[PDB]
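**Q** Below is upload_29.pdb; it holds PDB, C-alpha atoms and all ligand atoms.
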ATOM      1  CA  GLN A  49       0.000   0.000   0.000  1.00  0.00           C
ATOM      2  CA  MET A  50       1.433   3.338  -1.127  1.00  0.00           C
ATOM      3  CA  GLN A  51      -1.701   5.488  -1.278  1.00  0.00           C
ATOM      4  CA  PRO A  52      -3.496   5.420  -4.684  1.00  0.00           C
ATOM      5  CA  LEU A  53      -2.014   8.730  -5.834  1.00  0.00           C
ATOM      6  CA  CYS A  54      -1.624   7.580  -9.441  1.00  0.00           C
ATOM      7  CA  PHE A  55      -3.332   5.298 -11.962  1.00  0.00           C
ATOM      8  CA  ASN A  56      -1.638   2.613 -14.056  1.00  0.00           C
ATOM      9  CA  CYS A  57      -2.688   1.090 -17.378  1.00  0.00           C
ATOM     10  CA  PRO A  58      -2.580  -2.746 -17.108  1.00  0.00           C
ATOM     11  CA  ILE A  59      -2.655  -2.981 -20.907  1.00  0.00           C
ATOM     12  CA  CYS A  60       0.627  -1.238 -21.778  1.00  0.00           C
ATOM     13  CA  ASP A  61       1.748  -0.212 -18.257  1.00  0.00           C
ATOM     14  CA  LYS A  62       1.100   3.498 -18.839  1.00  0.00           C
ATOM     15  CA  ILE A  63       0.935   5.231 -15.451  1.00  0.00           C
ATOM     16  CA  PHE A  64      -0.293   8.741 -14.645  1.00  0.00           C
ATOM     17  CA  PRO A  65      -1.112  10.910 -11.579  1.00  0.00           C
ATOM     18  CA  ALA A  66      -4.273  10.405  -9.523  1.00  0.00           C
ATOM     19  CA  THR A  67      -5.627  13.686 -10.893  1.00  0.00           C
ATOM     20  CA  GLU A  68      -5.335  12.203 -14.388  1.00  0.00           C
ATOM     21  CA  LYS A  69      -8.508  10.146 -13.935  1.00  0.00           C
ATOM     22  CA  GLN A  70      -9.641  11.638 -17.249  1.00  0.00           C
ATOM     23  CA  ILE A  71      -6.594  10.367 -19.126  1.00  0.00           C
ATOM     24  CA  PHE A  72      -6.463   7.115 -17.159  1.00  0.00           C
ATOM     25  CA  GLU A  73     -10.034   6.215 -18.089  1.00  0.00           C
ATOM     26  CA  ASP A  74      -9.672   7.547 -21.613  1.00  0.00           C
ATOM     27  CA  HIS A  75      -6.319   5.832 -22.060  1.00  0.00           C
ATOM     28  CA  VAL A  76      -7.625   2.428 -21.024  1.00  0.00           C
ATOM     29  CA  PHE A  77     -10.721   3.171 -23.083  1.00  0.00           C
ATOM     30  CA  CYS A  78      -8.443   3.242 -26.109  1.00  0.00           C
ATOM     31  CA  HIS A  79      -7.132  -0.226 -25.372  1.00  0.00           C
ATOM     32  CA  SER A  80     -10.834  -1.045 -25.073  1.00  0.00           C
ATOM     33  CA  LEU A  81     -11.261  -0.357 -28.785  1.00  0.00           C
TER      34      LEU A  81
HETATM   35 ZN    ZN B   1      -2.005   1.632 -22.035  1.00  0.00          ZN
END
Reformat the file's structure so that it appears as structure tokens.
Ligand SMILES: [Zn+2]
**A**
Amino acid sequence: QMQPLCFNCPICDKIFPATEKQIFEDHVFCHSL
């Protein structure tokens, strides 16, 4: 446990800040295509 202060893409391993929820969801969404 290191405090969820950043999101990570399990598809390509792309990680971003916690405030990047927009890019984290959109990013994964791309892999969803
Ligand atoms: Zn990715």
**Q** May I ask for the distance between CA of residue 70 in chain A and CA of residue 55 in chain A, given in Å to one decimal place?
**A**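 Calculated distance between CA of residue 70 in chain A and CA of residue 55 in chain A is 10.4 Å.
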**Q** Using only C-alpha atoms and all ligand atoms, which residues of chain A come within 9 Å of ligand ZN 1 (chain B), and what is the closest atom pair for each, with the distance in Å to one decimal? Give it as JSON lines, sorted by chain and residue number.
**A**
{"residue": "A:56", "atom": "CA", "partner": "B:ZN1", "partner_atom": "ZN", "distance": 8.0}
{"residue": "A:57", "atom": "CA", "partner": "B:ZN1", "partner_atom": "ZN", "distance": 4.7}
{"residue": "A:58", "atom": "CA", "partner": "B:ZN1", "partner_atom": "ZN", "distance": 6.6}
{"residue": "A:59", "atom": "CA", "partner": "B:ZN1", "partner_atom": "ZN", "distance": 4.8}
{"residue": "A:60", "atom": "CA", "partner": "B:ZN1", "partner_atom": "ZN", "distance": 3.9}
{"residue": "A:61", "atom": "CA", "partner": "B:ZN1", "partner_atom": "ZN", "distance": 5.6}
{"residue": "A:62", "atom": "CA", "partner": "B:ZN1", "partner_atom": "ZN", "distance": 4.8}
{"residue": "A:63", "atom": "CA", "partner": "B:ZN1", "partner_atom": "ZN", "distance": 8.1}
{"residue": "A:72", "atom": "CA", "partner": "B:ZN1", "partner_atom": "ZN", "distance": 8.6}
{"residue": "A:75", "atom": "CA", "partner": "B:ZN1", "partner_atom": "ZN", "distance": 6.0}
{"residue": "A:76", "atom": "CA", "partner": "B:ZN1", "partner_atom": "ZN", "distance": 5.8}
{"residue": "A:77", "atom": "CA", "partner": "B:ZN1", "partner_atom": "ZN", "distance": 8.9}
{"residue": "A:78", "atom": "CA", "partner": "B:ZN1", "partner_atom": "ZN", "distance": 7.8}
{"residue": "A:79", "atom": "CA", "partner": "B:ZN1", "partner_atom": "ZN", "distance": 6.4}
**Q** Go ahead and find all residues with at least one atom no further than 12 Å from (-3.1, 5.8, -4.9) in the file's coordinates, using only C-alpha atoms; report them as a ChimeraX atom specification.
**A** /A:49-56,63-69
**Q** Can you rebuild range 61-79 of chain A with N, CA, C and O atoms and give it as a compact mmCIF listing (two decimals), keeping the file's coordinate frame?
**A**
# COMPACT_ATOMS: atom_id res chain seq x y z
N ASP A 61 0.98 -0.61 -19.44
CA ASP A 61 1.75 -0.21 -18.26
C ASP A 61 1.90 1.31 -18.17
O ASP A 61 2.78 1.80 -17.46
N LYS A 62 1.05 2.04 -18.87
CA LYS A 62 1.10 3.50 -18.84
C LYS A 62 0.52 4.02 -17.53
O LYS A 62 -0.65 3.82 -17.23
N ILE A 63 1.36 4.69 -16.74
CA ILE A 63 0.94 5.23 -15.45
C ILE A 63 0.87 6.76 -15.46
O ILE A 63 1.69 7.42 -16.09
N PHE A 64 -0.11 7.30 -14.74
CA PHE A 64 -0.29 8.74 -14.64
C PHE A 64 -0.72 9.12 -13.23
O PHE A 64 -1.05 8.25 -12.42
N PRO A 65 -0.72 10.43 -12.91
CA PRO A 65 -1.11 10.91 -11.58
C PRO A 65 -2.56 10.58 -11.25
O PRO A 65 -3.35 10.23 -12.13
N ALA A 66 -2.92 10.69 -9.97
CA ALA A 66 -4.27 10.40 -9.52
C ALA A 66 -5.26 11.42 -10.09
O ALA A 66 -6.44 11.10 -10.29
N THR A 67 -4.78 12.63 -10.35
CA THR A 67 -5.63 13.69 -10.89
C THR A 67 -5.84 13.50 -12.39
O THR A 67 -6.56 14.28 -13.03
N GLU A 68 -5.21 12.48 -12.96
CA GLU A 68 -5.34 12.20 -14.39
C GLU A 68 -6.41 11.15 -14.66
O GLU A 68 -6.33 10.40 -15.62
N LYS A 69 -7.42 11.11 -13.79
CA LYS A 69 -8.51 10.15 -13.94
C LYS A 69 -9.14 10.24 -15.32
O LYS A 69 -9.68 9.26 -15.83
N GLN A 70 -9.07 11.42 -15.92
CA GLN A 70 -9.64 11.64 -17.25
C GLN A 70 -8.82 10.92 -18.31
O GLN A 70 -9.37 10.30 -19.23
N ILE A 71 -7.50 11.01 -18.18
CA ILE A 71 -6.59 10.37 -19.13
C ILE A 71 -6.46 8.88 -18.84
O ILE A 71 -6.24 8.08 -19.74
N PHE A 72 -6.58 8.51 -17.57
CA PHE A 72 -6.46 7.12 -17.16
C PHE A 72 -7.64 6.30 -17.69
O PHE A 72 -7.47 5.18 -18.17
N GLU A 73 -8.83 6.88 -17.61
CA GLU A 73 -10.03 6.22 -18.09
C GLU A 73 -10.09 6.26 -19.60
O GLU A 73 -10.50 5.29 -20.25
N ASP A 74 -9.68 7.38 -20.17
CA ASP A 74 -9.67 7.55 -21.61
C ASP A 74 -8.59 6.67 -22.24
O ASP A 74 -8.80 6.06 -23.29
N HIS A 75 -7.44 6.63 -21.59
CA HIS A 75 -6.32 5.83 -22.06
C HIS A 75 -6.71 4.37 -22.16
O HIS A 75 -6.59 3.75 -23.22
N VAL A 76 -7.19 3.82 -21.05
CA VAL A 76 -7.62 2.43 -21.02
C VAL A 76 -8.75 2.21 -22.03
O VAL A 76 -8.83 1.17 -22.69
N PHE A 77 -9.61 3.22 -22.15
CA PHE A 77 -10.72 3.17 -23.08
C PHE A 77 -10.21 2.90 -24.49
O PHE A 77 -10.85 2.20 -25.27
N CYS A 78 -9.04 3.44 -24.80
CA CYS A 78 -8.44 3.24 -26.11
C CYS A 78 -8.10 1.78 -26.30
O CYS A 78 -8.45 1.18 -27.33
N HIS A 79 -7.46 1.19 -25.31
CA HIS A 79 -7.13 -0.23 -25.37
C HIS A 79 -8.42 -1.04 -25.44
O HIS A 79 -8.42 -2.21 -25.82
